[PDB]
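Take a look at this single chain in structure tokens; it is the form solved without the RNA.
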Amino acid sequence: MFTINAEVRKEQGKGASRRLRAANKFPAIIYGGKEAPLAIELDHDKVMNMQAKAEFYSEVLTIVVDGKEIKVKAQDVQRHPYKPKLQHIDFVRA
């Protein structure tokens, strides 16, 4: 449903993860149920709009992994309402 932006664990620069640990992003993981899961980038601020509280996973959602509209429901959405944290998100295929 939603449009959560994501990239293959790579930030604005070269290599990997040379911006998130200063700006306001954190990595997240997408599981399916067979193959090894896909570790990807995730914003903190931008996604909070979608997160809100429980609703995020309830109505189902979609992640754009470099022009791949991966539909997820998610399970361990380790978010914090009221005051944001967004420690990690373990998404799961819809």
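Residue numbers run from 1 along the displayed sequence.
The discussion below concerns the form solved in complex with the RNA, not included here.
**Student:** Is residue 24 close to the RNA in the deposited complex, meaning a heavy atom pair under 4.5 Å apart or at it?
**Tutor:** Contact check for residue 24: no, nothing within 4.5 Å of the RNA in the deposited complex.
**Student:** Does the RNA get within 4.5 angstroms of any non-hydrogen atom of residue 71 in the deposited complex?
**Tutor:** Answer no; every heavy atom of residue 71 is more than 4.5 Å from the RNA in the deposited complex.
**Student:** Whether residue 87 contacts the RNA in the deposited complex should be assessed with a 4.5 Å heavy atom distance threshold; does it?
**Tutor:** Contact with the RNA, yes.
**Student:** In the deposited complex, does residue 64 come within 4.5 Å of the RNA, counting heavy atoms only?
**Tutor:** No - in the deposited complex, heavy atoms of residue 64 and the RNA never come within 4.5 Å of each other.
**Student:** Is every one of 9, 12 and 17 within 4.5 Å of the RNA in the deposited complex, counting heavy atoms?
**Tutor:** All of them do, each having a heavy atom within 4.5 Å of the partner.
**Student:** Counting only non-hydrogen atoms and a 4.5 Å cut-off, give the residues of 19 to 55 close to the RNA in the deposited complex.
**Tutor:** 19, 21, 27, 28, 29, 31, 32, 37, in sequence order.
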